[PDB]
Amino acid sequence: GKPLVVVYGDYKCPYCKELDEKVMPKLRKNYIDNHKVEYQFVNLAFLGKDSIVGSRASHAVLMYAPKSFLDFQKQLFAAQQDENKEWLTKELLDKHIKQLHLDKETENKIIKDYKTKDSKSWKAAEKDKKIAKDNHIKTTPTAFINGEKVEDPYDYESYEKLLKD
């Protein structure tokens, strides 16, 4: 199939925020939105008890409003606070979900799903930690394209390099 681009991180991670700001705008325009590659964000949810909550909301958005996922991700990283603070509250997350301006029922569906134990977004958030562990991911942020490490995950051109061939 098409190249699979995987980025490992956490919404509370400062460097992950940098990758998003520096890489995503171009990666999205030239490879993701035009469906040239499959993009996957694996959240290690390792910077606090609120990390996993943010991950659940993120996964809920992805599964119910995929065309709004990248905006959600960008907007969430943009609101990043001190990593020692549990800033990923349900209040802030609900606020961010509503900022997507989806139809009312889709919005309600996402909000209820990420808050429901063992829902699909709940399981997805948990699975992300297992994925990172099984793939032996030590540092974040790190990116891979079809399993090949992106030399400089902060530089769009480094991704393009792997994607050319």
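Numbers follow the displayed sequence, beginning with 1.
The stretch 133 to 141 shows the higher mean C-alpha B-factor when 110 to 118 is compared against 133 to 141 in the entry. Among the modelled residues of the chain, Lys29 sits in the highest third by CA temperature factor in this PDB entry. When all modelled residues of the chain are sorted by CA temperature factor, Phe69 is found within the middle third. Compared with the other modelled residues of the chain, the Cα B-factor recorded for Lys49 ranks in the highest third. In the PDB entry, a CA B factor belonging to the middle third of its chain's modelled residues is recorded for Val23.
Sort the chain's modelled residues by C-alpha temperature factor and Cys13 lands in the highest third, per the entry.
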